[PDB]
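Only one chain is shown below, in structure tokens, and it's the form deposited in one PDB entry.
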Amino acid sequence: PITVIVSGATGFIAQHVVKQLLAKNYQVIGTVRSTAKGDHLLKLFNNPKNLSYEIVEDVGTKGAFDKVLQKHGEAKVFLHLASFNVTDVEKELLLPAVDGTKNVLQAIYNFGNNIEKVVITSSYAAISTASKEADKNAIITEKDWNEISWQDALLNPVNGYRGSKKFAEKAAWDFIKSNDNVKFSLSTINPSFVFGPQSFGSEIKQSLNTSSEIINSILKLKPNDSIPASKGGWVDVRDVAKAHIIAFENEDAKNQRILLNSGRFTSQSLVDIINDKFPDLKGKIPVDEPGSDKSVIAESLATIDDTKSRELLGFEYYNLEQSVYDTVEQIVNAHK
């Protein structure tokens, strides 16, 4: 009857992890930022026996996770999933990511007596340097690191976001390699853009706060709008969630960085899928140049080589059409 702590349990990936964890009869302790968030989570799942929550209001502060670590000394696994308009990138993004990550691992170090496995959500952004991702001749693997400097990470909010992901993860590996006595292993889940439905249709707002907003933003275009430029790797949220669980159940995942990527997309890829699967919307959203995506992906993106990650996980991912469809279906039906 083994017990798992999940931080930020109402987040997008996290709810999916929780659902999958419950269905494997783990005892789950989620951390949430308020009683409202926690009561809400237990109601979505109809208050099962295996589910409970503790409150951690700011998950990056010193000692945020001590009281929950001390009260629940039977926890064997710590899944760290917890995370708007940026003035100073240095104080608002980079330091909180670096300091938050050190504080979390420090709490597990002092009081995580029985914690044997730790999984942290990172990002493809910590793997890929912009100049490499844009090189059709490049191969990118779990060993590649975003080589952006701290100085360059302050330039603009996009460099700030990807920089903070890289320095946050750099800080975690520094912690376990630089501290002695470390009793737990650490694994890392680095997804590209995360698509897919929410665990619950209840949760849909008008503007998704997730990466599925790329998909959502397509649905708000008029027939002669130009189609946004957006491209990258993507992976379905349910496969990311599942990877978090395989990451501590499989022993070979210890001290691994696991790349989570199903494939490549451009916005035209999404338009095409929607125009071909939703007769209702065909004619209300743009068409532009169908098929243009295959030449653009072929011509201007590195190849992501996640062979070792796929071997480590050993399960079939959703594909673009399923992931896009399941997402749009949820949004459309939720609006009634």
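In this text, residue numbers run from 1 along the sequence as written.
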item	value
Residues of the deposited sequence that sit between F84 and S83 yet are not modelled	1 to 3
Mean temperature factor over C-alpha atoms, higher-scoring stretch between 308 to 316 and 14 to 22	308 to 316
Stretch exceeding the other in mean C-alpha B-factor - 198 to 206, 126 to 134	198 to 206
Residue with maximal Cα B-factor (values as given in the PDB entry) among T87, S192, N146, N103	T87
Highest-ranked of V240, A171, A75, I245 once sorted by CA temperature factor in the record	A75
Ranked C-alpha temperature factor of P96 among modelled chain residues, by third	highest
Ranked against its chain, the third holding the CA B-factor of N46	lowest
Record-listed C-alpha B factor of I273: chain third	lowest
Third assignment of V4 from its chain's C-alpha B-factors	middle
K220 by Cα B-factor - lowest, middle or highest third of the modelled chain	highest
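Unshown form solved in complex with a small molecule; subsequent notes refer to it.
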{"item": "Listed residue (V271, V56, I304, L69) with a non-hydrogen atom within 4.5 angstroms of the small molecule in the deposited bound form", "value": "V56"}
{"item": "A107, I140, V194, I215 - the one with a heavy atom within 4.5 Å of the small molecule in the deposited bound form", "value": "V194"}
{"item": "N156: touches the small molecule in the deposited bound form, heavy atom cutoff 4.5 angstroms", "value": "no"}
{"item": "4.5 angstroms heavy atom contact with the small molecule in the deposited bound form for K165", "value": "yes"}
{"item": "Contact of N209 with the small molecule in the deposited bound form (heavy atom, 4.5 Å)", "value": "yes"}
{"item": "Any non-hydrogen atom of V119 within 4.5 angstroms of the small molecule in the deposited bound form", "value": "no"}
{"item": "Proximity to the small molecule in the deposited bound form (heavy atom, within 4.5 Å), stretch among 186 to 194, 261 to 269, 217 to 225, 143 to 151", "value": "186 to 194"}
